[PDB]
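Let me begin by presenting the structure, written as structure tokens, before commenting on it.
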Amino acid sequence: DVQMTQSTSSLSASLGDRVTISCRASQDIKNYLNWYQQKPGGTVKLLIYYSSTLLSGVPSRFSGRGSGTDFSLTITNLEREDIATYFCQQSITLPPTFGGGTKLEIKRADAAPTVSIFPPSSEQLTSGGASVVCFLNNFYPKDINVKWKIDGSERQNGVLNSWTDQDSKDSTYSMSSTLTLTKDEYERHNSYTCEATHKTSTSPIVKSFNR
Amino acid sequence: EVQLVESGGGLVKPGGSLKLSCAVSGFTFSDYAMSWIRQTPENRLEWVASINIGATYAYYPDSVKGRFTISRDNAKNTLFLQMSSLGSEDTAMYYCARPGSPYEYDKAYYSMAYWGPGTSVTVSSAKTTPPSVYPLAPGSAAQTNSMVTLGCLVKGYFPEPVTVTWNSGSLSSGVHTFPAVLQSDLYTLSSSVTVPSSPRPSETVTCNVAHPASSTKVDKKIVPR
Ligand SMILES: C[C@]12CC[C@H](O)C[C@H]1CC[C@@H]1[C@@H]2C[C@@H](O)[C@]2(C)[C@@H](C3=CC(=O)OC3)CC[C@]12O
């Protein structure tokens, strides 16, 4: 199979910026290379087919070019409706293969995370389990680290993190760290701390509580 | 205009069978060679099956060949994909797609110009399990201030997805629902909502979590303390 290679999986840019996505084929596919666009929970859309032919409805600020083994997709005036994942695809050799995709981020100003810590609920305690949740919402850039300390002592066992894709309204990110314990080990301790290190503050944002 | 809608997706056991459907509109179905393409949990697009006009020839990659079968009903405007002997590697979002042109001399012929929303196939021996929903309320002296964040913990369910709304959708702004993490073959995600400290506890915020797989709906009113 012809291998489709996009050299970066993530790309960052500003509104009004010239974006360029590269795509390399392991073989000569001549001009048979298409470009697709796909938003997070959405359908796949054809942008350009053959090497540089736009599909109806696609803005002229999208342009493709390349022949043989090296292709590229250029966006001229990045708009926030251009924040999607872009795939390259060869249509001439069986089986037809796609590239890994290039997810395009948008740039904005630095935002500090709003940190909120929550204790286990009486309902979950009722089940012999106990999860401490921490929300770190609306921050930029995406680079952030979290530290859990149970009675001054760090901890990574039982900790789980999840991230949101870039927000549509404010282009920020959000994260959730959940320290799950056993009801019993939860009660042989008093204090629980949620620490956030971010490009903004120099000193962590600390959210703690105790029983 | 042009419509493609996949159907038949669901939860299957390894080695099991499933049949998919694609109803079409806005074009002469009988003029096109129709295909199936799947997207992988790793966001990886892969070809599945192709069929020409007249259902005379069908193309399958070595990944699906000998197990899947593509067919068409030109009178019903429907395309099918019989899947058999399924493995976990077949877990994916399956789409039906239409080429850009029925004419091989047109370069749009070598492109898929229309896809459907897709239908989800999960091949697992794991069991359909309803979610437990826990209220996340602040505690216990930090009542400051401008805004307050509430949340709902949706825990130990299978399969995906779970739908989470706040106040029956009345609360759209300030909502953050996170991707589920797998843990003991059971999913867990979290949802946060931010409201002025004025409309809470005064006035009500409640999380509504729907899990269609187990036909479950849970309403969790967030109460102080
Ligand atoms: C199924 C098909 C049509 C019948 C003919 O016998 C050739 C086969 C194999 C090759 C196959 C065509 C259908 C066409 O729709 C294709 C799927 C078409 C492609 C579109 C595409 O994106 O990649 C290929 C070019 C050719 C094609 O790959």
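A note on labels: chains of the structure tokens are A, B, ... as shown, every chain counts residues from 1, and ligands are counted from 1 in their shown order.
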
Could I get the residues of chain B with an atom no further than 7 Å from an atom of chain A, each paired with its nearest atom pair and that distance in Å to one decimal, using only C-alpha atoms, sorted by chain and residue number, as a tab-separated table?
```
residue	atom	partner	partner_atom	distance
B:44	CA	A:100	CA	6.2
B:45	CA	A:98	CA	6.0
B:46	CA	A:97	CA	6.6
B:47	CA	A:96	CA	6.5
B:61	CA	A:95	CA	6.1
B:107	CA	A:50	CA	6.2
B:108	CA	A:49	CA	6.7
B:110	CA	A:91	CA	5.6
B:111	CA	A:49	CA	6.1
B:112	CA	A:46	CA	6.9
B:113	CA	A:46	CA	5.3
B:114	CA	A:45	CA	6.9
B:115	CA	A:44	CA	6.2
B:116	CA	A:43	CA	6.6
B:117	CA	A:43	CA	5.2
B:134	CA	A:121	CA	6.4
B:135	CA	A:121	CA	6.4
B:136	CA	A:118	CA	6.0
B:137	CA	A:118	CA	6.3
B:138	CA	A:118	CA	5.7
B:139	CA	A:118	CA	6.8
B:149	CA	A:116	CA	7.0
B:178	CA	A:164	CA	5.7
B:179	CA	A:162	CA	6.2
```

Selection file, N, CA, C and O atoms, as a compact mmCIF listing (two decimals), in the first residue's frame:
```
# COMPACT_ATOMS: atom_id res chain seq x y z
N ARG B 44 -8.10 7.28 12.44
CA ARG B 44 -7.42 6.80 11.25
C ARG B 44 -8.42 6.31 10.20
O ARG B 44 -9.18 5.37 10.45
N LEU B 45 -8.41 6.95 9.04
CA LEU B 45 -9.33 6.60 7.96
C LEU B 45 -8.82 5.43 7.11
O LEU B 45 -7.66 5.41 6.70
N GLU B 46 -9.70 4.46 6.87
CA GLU B 46 -9.35 3.26 6.13
C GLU B 46 -10.46 2.86 5.17
O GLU B 46 -11.65 2.95 5.50
N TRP B 47 -10.07 2.42 3.97
CA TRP B 47 -11.03 1.95 2.98
C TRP B 47 -11.61 0.62 3.42
O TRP B 47 -10.92 -0.20 4.03
N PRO B 61 -10.14 -4.39 0.59
CA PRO B 61 -8.76 -4.48 1.06
C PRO B 61 -8.53 -5.78 1.84
O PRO B 61 -9.50 -6.41 2.27
N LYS B 107 -11.98 13.89 -13.35
CA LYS B 107 -11.10 13.63 -12.21
C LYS B 107 -11.83 13.63 -10.87
O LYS B 107 -11.26 13.24 -9.85
N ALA B 108 -13.08 14.08 -10.87
CA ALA B 108 -13.91 14.02 -9.67
C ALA B 108 -14.29 12.56 -9.39
O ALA B 108 -14.67 12.20 -8.28
N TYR B 110 -12.28 10.23 -9.22
CA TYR B 110 -11.26 9.72 -8.30
C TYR B 110 -11.27 10.49 -6.99
O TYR B 110 -10.21 10.84 -6.46
N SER B 111 -12.46 10.74 -6.46
CA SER B 111 -12.61 11.44 -5.19
C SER B 111 -13.97 11.14 -4.57
O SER B 111 -14.95 10.93 -5.28
N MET B 112 -14.02 11.11 -3.24
CA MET B 112 -15.28 10.90 -2.52
C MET B 112 -15.82 12.24 -2.05
O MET B 112 -15.32 12.83 -1.09
N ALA B 113 -16.86 12.73 -2.73
CA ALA B 113 -17.34 14.09 -2.52
C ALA B 113 -18.44 14.22 -1.46
O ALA B 113 -18.76 15.32 -1.01
N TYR B 114 -19.03 13.09 -1.07
CA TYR B 114 -20.09 13.11 -0.07
C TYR B 114 -20.04 11.91 0.87
O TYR B 114 -20.05 10.76 0.43
N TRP B 115 -19.98 12.20 2.16
CA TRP B 115 -19.99 11.15 3.18
C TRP B 115 -21.23 11.29 4.05
O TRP B 115 -21.85 12.36 4.09
N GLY B 116 -21.58 10.22 4.75
CA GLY B 116 -22.67 10.28 5.71
C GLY B 116 -22.13 10.62 7.08
O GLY B 116 -20.92 10.72 7.26
N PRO B 117 -23.03 10.81 8.06
CA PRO B 117 -22.60 11.10 9.43
C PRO B 117 -21.85 9.92 10.04
O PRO B 117 -20.99 10.10 10.89
N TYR B 134 -22.81 11.07 40.17
CA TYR B 134 -22.51 11.71 41.45
C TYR B 134 -22.50 13.23 41.34
O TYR B 134 -21.95 13.78 40.39
N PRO B 135 -23.10 13.91 42.33
CA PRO B 135 -23.17 15.38 42.35
C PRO B 135 -21.85 15.95 42.83
O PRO B 135 -21.31 15.47 43.83
N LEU B 136 -21.34 16.96 42.14
CA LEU B 136 -20.13 17.64 42.59
C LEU B 136 -20.45 19.05 43.08
O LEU B 136 -20.66 19.96 42.29
N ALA B 137 -20.49 19.20 44.40
CA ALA B 137 -20.79 20.49 45.02
C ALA B 137 -19.60 20.97 45.85
O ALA B 137 -18.94 20.17 46.51
N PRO B 138 -19.34 22.28 45.84
CA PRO B 138 -18.23 22.90 46.56
C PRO B 138 -18.26 22.58 48.05
O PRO B 138 -19.32 22.27 48.59
N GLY B 139 -17.10 22.64 48.70
CA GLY B 139 -17.01 22.37 50.12
C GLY B 139 -15.68 22.81 50.70
O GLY B 139 -14.63 22.56 50.13
N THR B 149 -18.66 26.93 40.43
CA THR B 149 -18.62 25.79 39.53
C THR B 149 -19.22 24.55 40.16
O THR B 149 -18.85 24.15 41.27
N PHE B 178 -16.25 16.46 29.49
CA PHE B 178 -14.95 15.92 29.11
C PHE B 178 -15.04 14.54 28.46
O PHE B 178 -16.01 13.81 28.67
N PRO B 179 -14.02 14.18 27.66
CA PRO B 179 -13.90 12.85 27.06
C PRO B 179 -13.82 11.77 28.13
O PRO B 179 -13.15 11.97 29.15
```

Counting only C-alpha atoms, what is within 12 Å of residue B:103, bar same-chain residues fewer than 6 positions away, as a compact mmCIF listing (two decimals) with N, CA, C and O atoms, in the first residue's frame?
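Result file follows (result.txt):
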```txt
# COMPACT_ATOMS: atom_id res chain seq x y z
N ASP B 31 -26.06 5.60 -10.79
CA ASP B 31 -25.03 6.10 -11.70
C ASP B 31 -23.65 6.05 -11.07
O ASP B 31 -22.65 6.29 -11.75
N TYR B 32 -23.59 5.72 -9.79
CA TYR B 32 -22.34 5.79 -9.05
C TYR B 32 -21.84 4.46 -8.53
O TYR B 32 -22.62 3.57 -8.18
N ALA B 33 -20.52 4.33 -8.47
CA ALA B 33 -19.88 3.24 -7.75
C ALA B 33 -19.80 3.68 -6.29
O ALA B 33 -19.18 4.69 -5.98
N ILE B 53 -21.31 -0.12 -10.68
CA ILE B 53 -22.70 -0.10 -11.10
C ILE B 53 -23.06 -1.41 -11.77
O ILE B 53 -22.41 -1.83 -12.73
N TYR B 109 -14.18 11.74 -10.43
CA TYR B 109 -14.43 10.31 -10.32
C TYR B 109 -13.49 9.69 -9.30
O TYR B 109 -13.85 8.75 -8.59
N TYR B 110 -12.28 10.23 -9.22
CA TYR B 110 -11.26 9.72 -8.30
C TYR B 110 -11.27 10.49 -6.99
O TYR B 110 -10.21 10.84 -6.46
N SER B 111 -12.46 10.74 -6.46
CA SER B 111 -12.61 11.44 -5.19
C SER B 111 -13.97 11.14 -4.57
O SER B 111 -14.95 10.93 -5.28
```

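The nearest approach to ligand 1 among the residues B:174, B:131, B:99, B:224, with only C-alpha atoms and all ligand atoms taken into account, belongs to B:99.
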
Report as a VMD selection string all protein, DNA and RNA residues lying within 7 Å of stretch 151-160 of chain B, evaluated on only C-alpha atoms, omitting residues in the same chain fewer than 3 positions from it. chain B and resid 127 to 137 186 to 193 207 213

Store the residues of this selection in a file with N, CA, C and O atoms, as an mmCIF file, in the first residue's frame.
```
data_model
loop_
_atom_site.group_PDB
_atom_site.id
_atom_site.type_symbol
_atom_site.label_atom_id
_atom_site.label_comp_id
_atom_site.auth_asym_id
_atom_site.auth_seq_id
_atom_site.Cartn_x
_atom_site.Cartn_y
_atom_site.Cartn_z
ATOM 1 N N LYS B 127 -19.669 -5.555 28.684
ATOM 2 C CA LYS B 127 -21.117 -5.569 28.830
ATOM 3 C C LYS B 127 -21.739 -4.193 28.969
ATOM 4 O O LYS B 127 -21.180 -3.301 29.611
ATOM 5 N N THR B 128 -22.909 -4.029 28.362
ATOM 6 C CA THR B 128 -23.683 -2.809 28.517
ATOM 7 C C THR B 128 -23.949 -2.569 29.992
ATOM 8 O O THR B 128 -24.585 -3.387 30.662
ATOM 9 N N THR B 129 -23.458 -1.446 30.500
ATOM 10 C CA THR B 129 -23.558 -1.134 31.920
ATOM 11 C C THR B 129 -23.999 0.310 32.132
ATOM 12 O O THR B 129 -23.406 1.228 31.566
ATOM 13 N N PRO B 130 -25.034 0.517 32.961
ATOM 14 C CA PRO B 130 -25.562 1.865 33.187
ATOM 15 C C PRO B 130 -24.622 2.677 34.069
ATOM 16 O O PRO B 130 -23.900 2.101 34.883
ATOM 17 N N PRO B 131 -24.630 4.005 33.905
ATOM 18 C CA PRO B 131 -23.777 4.933 34.653
ATOM 19 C C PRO B 131 -24.309 5.221 36.052
ATOM 20 O O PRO B 131 -25.522 5.225 36.270
ATOM 21 N N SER B 132 -23.393 5.444 36.989
ATOM 22 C CA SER B 132 -23.729 6.025 38.278
ATOM 23 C C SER B 132 -23.421 7.510 38.160
ATOM 24 O O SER B 132 -22.406 7.888 37.575
ATOM 25 N N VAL B 133 -24.296 8.354 38.695
ATOM 26 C CA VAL B 133 -24.112 9.797 38.579
ATOM 27 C C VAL B 133 -23.967 10.463 39.944
ATOM 28 O O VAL B 133 -24.882 10.423 40.767
ATOM 29 N N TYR B 134 -22.811 11.074 40.172
ATOM 30 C CA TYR B 134 -22.512 11.708 41.450
ATOM 31 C C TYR B 134 -22.505 13.230 41.339
ATOM 32 O O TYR B 134 -21.954 13.781 40.387
ATOM 33 N N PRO B 135 -23.101 13.914 42.327
ATOM 34 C CA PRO B 135 -23.173 15.376 42.347
ATOM 35 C C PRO B 135 -21.852 15.950 42.834
ATOM 36 O O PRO B 135 -21.312 15.470 43.831
ATOM 37 N N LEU B 136 -21.339 16.962 42.145
ATOM 38 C CA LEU B 136 -20.127 17.641 42.586
ATOM 39 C C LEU B 136 -20.450 19.046 43.081
ATOM 40 O O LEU B 136 -20.665 19.962 42.288
ATOM 41 N N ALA B 137 -20.493 19.204 44.400
ATOM 42 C CA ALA B 137 -20.785 20.492 45.018
ATOM 43 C C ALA B 137 -19.602 20.969 45.854
ATOM 44 O O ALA B 137 -18.935 20.166 46.507
ATOM 45 N N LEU B 186 -14.903 0.075 32.004
ATOM 46 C CA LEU B 186 -16.035 0.942 32.291
ATOM 47 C C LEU B 186 -15.640 2.398 32.097
ATOM 48 O O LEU B 186 -14.575 2.829 32.546
ATOM 49 N N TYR B 187 -16.497 3.153 31.422
ATOM 50 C CA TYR B 187 -16.203 4.548 31.125
ATOM 51 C C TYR B 187 -16.491 5.473 32.293
ATOM 52 O O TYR B 187 -17.306 5.169 33.167
ATOM 53 N N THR B 188 -15.809 6.610 32.293
ATOM 54 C CA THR B 188 -16.007 7.637 33.301
ATOM 55 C C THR B 188 -15.675 8.989 32.701
ATOM 56 O O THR B 188 -14.571 9.200 32.201
ATOM 57 N N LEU B 189 -16.633 9.906 32.739
ATOM 58 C CA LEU B 189 -16.372 11.272 32.310
ATOM 59 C C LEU B 189 -16.931 12.256 33.322
ATOM 60 O O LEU B 189 -17.615 11.869 34.269
ATOM 61 N N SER B 190 -16.630 13.533 33.124
ATOM 62 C CA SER B 190 -17.036 14.551 34.074
ATOM 63 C C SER B 190 -17.618 15.749 33.337
ATOM 64 O O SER B 190 -17.225 16.048 32.209
ATOM 65 N N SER B 191 -18.567 16.422 33.973
ATOM 66 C CA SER B 191 -19.160 17.615 33.394
ATOM 67 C C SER B 191 -19.179 18.728 34.433
ATOM 68 O O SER B 191 -19.621 18.526 35.565
ATOM 69 N N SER B 192 -18.677 19.896 34.052
ATOM 70 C CA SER B 192 -18.678 21.048 34.940
ATOM 71 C C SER B 192 -19.579 22.138 34.382
ATOM 72 O O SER B 192 -19.726 22.276 33.167
ATOM 73 N N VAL B 193 -20.188 22.905 35.276
ATOM 74 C CA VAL B 193 -21.009 24.033 34.870
ATOM 75 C C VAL B 193 -20.728 25.223 35.776
ATOM 76 O O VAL B 193 -20.639 25.080 36.997
ATOM 77 N N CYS B 207 -28.091 18.190 36.579
ATOM 78 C CA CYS B 207 -27.488 17.555 35.420
ATOM 79 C C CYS B 207 -28.359 16.411 34.930
ATOM 80 O O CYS B 207 -28.830 15.598 35.724
ATOM 81 N N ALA B 213 -27.695 3.379 25.381
ATOM 82 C CA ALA B 213 -27.313 1.975 25.271
ATOM 83 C C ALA B 213 -28.030 1.122 26.311
ATOM 84 O O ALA B 213 -28.469 0.009 26.019
#
```

From a DSSP pass on the backbone, collect the residues of stretch 27-91 of chain B flagged as strand (DSSP E) and hand them back as a list in words.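 After running DSSP on the backbone, stretch 27-91 of chain B has strand (DSSP E) at residues 34, 35, 36, 37, 38, 39, 45, 46, 47, 48, 49, 50, 51, 58, 59, 69, 70, 71, 72, 73, 78, 79, 80, 81, 82 and 83 of chain B.
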
Selection export as a compact mmCIF listing (two decimals), in the first residue's frame, atoms kept: N, CA, C and O atoms:
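Output below, filename out.txt:
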```txt
# COMPACT_ATOMS: atom_id res chain seq x y z
N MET B 34 -20.43 2.92 -5.41
CA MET B 34 -20.53 3.31 -4.01
C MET B 34 -19.52 2.59 -3.13
O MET B 34 -19.16 1.43 -3.39
N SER B 35 -19.06 3.27 -2.08
CA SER B 35 -18.01 2.73 -1.22
C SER B 35 -18.32 2.87 0.26
O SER B 35 -19.17 3.66 0.67
N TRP B 36 -17.61 2.08 1.06
CA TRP B 36 -17.64 2.21 2.51
C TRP B 36 -16.24 2.56 3.01
O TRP B 36 -15.24 2.03 2.51
N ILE B 37 -16.17 3.46 3.97
CA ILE B 37 -14.91 3.84 4.59
C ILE B 37 -15.13 3.94 6.09
O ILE B 37 -16.16 4.43 6.54
N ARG B 38 -14.16 3.48 6.87
CA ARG B 38 -14.28 3.51 8.32
C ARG B 38 -13.24 4.42 8.95
O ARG B 38 -12.12 4.55 8.45
N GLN B 39 -13.62 5.06 10.05
CA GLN B 39 -12.67 5.83 10.83
C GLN B 39 -12.41 5.15 12.17
O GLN B 39 -13.34 4.72 12.85
N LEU B 45 -8.41 6.95 9.04
CA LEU B 45 -9.33 6.60 7.96
C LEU B 45 -8.82 5.43 7.11
O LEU B 45 -7.66 5.41 6.70
N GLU B 46 -9.70 4.46 6.87
CA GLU B 46 -9.35 3.26 6.13
C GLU B 46 -10.46 2.86 5.17
O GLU B 46 -11.65 2.95 5.50
N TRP B 47 -10.07 2.42 3.97
CA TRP B 47 -11.03 1.95 2.98
C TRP B 47 -11.61 0.62 3.42
O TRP B 47 -10.92 -0.20 4.03
N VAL B 48 -12.89 0.39 3.11
CA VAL B 48 -13.54 -0.84 3.52
C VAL B 48 -14.04 -1.66 2.33
O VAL B 48 -13.66 -2.82 2.17
N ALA B 49 -14.88 -1.06 1.50
CA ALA B 49 -15.45 -1.77 0.36
C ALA B 49 -15.90 -0.83 -0.75
O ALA B 49 -16.35 0.29 -0.50
N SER B 50 -15.79 -1.31 -1.99
CA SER B 50 -16.26 -0.57 -3.15
C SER B 50 -17.10 -1.48 -4.04
O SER B 50 -16.83 -2.68 -4.14
N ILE B 51 -18.12 -0.92 -4.67
CA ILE B 51 -18.93 -1.67 -5.62
C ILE B 51 -19.23 -0.82 -6.85
O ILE B 51 -19.50 0.38 -6.73
N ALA B 58 -16.68 -6.03 -6.96
CA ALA B 58 -16.55 -5.40 -5.65
C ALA B 58 -15.10 -5.45 -5.18
O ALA B 58 -14.43 -6.48 -5.33
N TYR B 59 -14.62 -4.34 -4.64
CA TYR B 59 -13.25 -4.30 -4.13
C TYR B 59 -13.20 -4.29 -2.61
O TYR B 59 -13.89 -3.51 -1.95
N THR B 69 -19.09 -7.98 2.93
CA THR B 69 -19.71 -8.05 1.62
C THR B 69 -20.51 -6.79 1.34
O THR B 69 -21.40 -6.42 2.11
N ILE B 70 -20.20 -6.12 0.23
CA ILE B 70 -20.93 -4.93 -0.17
C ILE B 70 -21.95 -5.26 -1.25
O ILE B 70 -21.67 -6.02 -2.17
N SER B 71 -23.14 -4.69 -1.11
CA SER B 71 -24.20 -4.87 -2.10
C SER B 71 -25.05 -3.62 -2.22
O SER B 71 -24.97 -2.73 -1.37
N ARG B 72 -25.85 -3.55 -3.27
CA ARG B 72 -26.67 -2.37 -3.51
C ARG B 72 -28.09 -2.74 -3.95
O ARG B 72 -28.30 -3.73 -4.64
N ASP B 73 -29.05 -1.92 -3.52
CA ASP B 73 -30.43 -2.07 -3.95
C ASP B 73 -30.84 -0.80 -4.69
O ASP B 73 -31.34 0.15 -4.09
N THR B 78 -30.49 2.08 -1.58
CA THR B 78 -29.79 1.66 -0.37
C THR B 78 -28.52 0.87 -0.67
O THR B 78 -28.47 0.04 -1.57
N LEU B 79 -27.48 1.15 0.12
CA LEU B 79 -26.23 0.41 0.03
C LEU B 79 -26.02 -0.36 1.32
O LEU B 79 -26.30 0.15 2.41
N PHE B 80 -25.54 -1.60 1.22
CA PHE B 80 -25.37 -2.44 2.39
C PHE B 80 -23.93 -2.87 2.62
O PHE B 80 -23.11 -2.86 1.70
N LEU B 81 -23.63 -3.24 3.86
CA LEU B 81 -22.34 -3.81 4.20
C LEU B 81 -22.50 -4.91 5.24
O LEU B 81 -22.62 -4.63 6.44
N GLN B 82 -22.53 -6.15 4.79
CA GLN B 82 -22.59 -7.29 5.69
C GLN B 82 -21.21 -7.54 6.27
O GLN B 82 -20.26 -7.82 5.54
N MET B 83 -21.10 -7.42 7.59
CA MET B 83 -19.85 -7.70 8.27
C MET B 83 -19.97 -9.03 9.01
O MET B 83 -21.02 -9.34 9.57
```

Could you check which of B:175, B:2, B:195, B:55 is closest to ligand 1, using only C-alpha atoms and all ligand atoms?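 When distances to ligand 1 are compared using only C-alpha atoms and all ligand atoms, the smallest one comes from B:55.
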
Shortest interatomic distance to residue A:187 - which of A:129, A:148, A:205, A:28, counting only C-alpha atoms: A:129

Give the answer as one residue: which of B:96, B:64, B:12, B:86 has the shortest atom-to-atom distance to ligand 1, using only C-alpha atoms and all ligand atoms? B:96

Could you give me, as a ChimeraX atom specification, the residues within 10 Å of residue B:208, counting only C-alpha atoms and dropping anything in the same chain fewer than 5 positions from it? /B:133,152,163-169,217-221

Next, write the just-selected residues to a file, as a short mmCIF file (atom, residue, chain, number, x, y, z; two decimals), in the first residue's frame, keeping N, CA, C and O atoms as the atom set.
```cif
data_model
loop_
_atom_site.label_atom_id
_atom_site.label_comp_id
_atom_site.auth_asym_id
_atom_site.auth_seq_id
_atom_site.Cartn_x
_atom_site.Cartn_y
_atom_site.Cartn_z
N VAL B 133 -24.30 8.35 38.70
CA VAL B 133 -24.11 9.80 38.58
C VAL B 133 -23.97 10.46 39.94
O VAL B 133 -24.88 10.42 40.77
N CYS B 152 -21.03 17.08 37.61
CA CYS B 152 -21.62 15.75 37.71
C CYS B 152 -20.61 14.69 37.30
O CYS B 152 -19.98 14.78 36.25
N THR B 163 -24.78 11.18 27.13
CA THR B 163 -25.17 12.56 26.84
C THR B 163 -25.40 13.32 28.14
O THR B 163 -26.11 12.85 29.02
N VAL B 164 -24.79 14.49 28.25
CA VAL B 164 -24.89 15.28 29.47
C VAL B 164 -25.35 16.71 29.19
O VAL B 164 -24.67 17.48 28.52
N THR B 165 -26.52 17.05 29.71
CA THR B 165 -27.04 18.41 29.62
C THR B 165 -27.33 18.96 31.01
O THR B 165 -27.53 18.20 31.96
N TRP B 166 -27.34 20.28 31.14
CA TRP B 166 -27.61 20.93 32.41
C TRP B 166 -28.92 21.73 32.37
O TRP B 166 -29.10 22.60 31.52
N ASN B 167 -29.82 21.42 33.30
CA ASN B 167 -31.12 22.08 33.36
C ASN B 167 -31.93 21.87 32.09
O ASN B 167 -32.57 22.79 31.58
N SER B 168 -31.90 20.64 31.57
CA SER B 168 -32.63 20.29 30.36
C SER B 168 -32.22 21.17 29.18
O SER B 168 -33.03 21.48 28.30
N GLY B 169 -30.95 21.57 29.16
CA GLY B 169 -30.42 22.38 28.08
C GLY B 169 -30.53 23.87 28.34
O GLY B 169 -29.93 24.67 27.62
N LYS B 217 -31.82 7.27 31.95
CA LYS B 217 -31.75 8.72 32.14
C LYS B 217 -31.65 9.06 33.62
O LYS B 217 -32.50 8.66 34.41
N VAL B 218 -30.61 9.80 33.99
CA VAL B 218 -30.42 10.18 35.38
C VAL B 218 -30.37 11.70 35.55
O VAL B 218 -29.58 12.39 34.92
N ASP B 219 -31.25 12.21 36.41
CA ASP B 219 -31.26 13.62 36.77
C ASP B 219 -30.67 13.82 38.16
O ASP B 219 -31.19 13.30 39.15
N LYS B 220 -29.57 14.56 38.22
CA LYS B 220 -28.87 14.80 39.48
C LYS B 220 -28.87 16.27 39.88
O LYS B 220 -28.08 17.07 39.38
N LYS B 221 -29.77 16.62 40.79
CA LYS B 221 -29.85 17.98 41.30
C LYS B 221 -28.70 18.27 42.25
O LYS B 221 -28.48 17.53 43.21
#
```
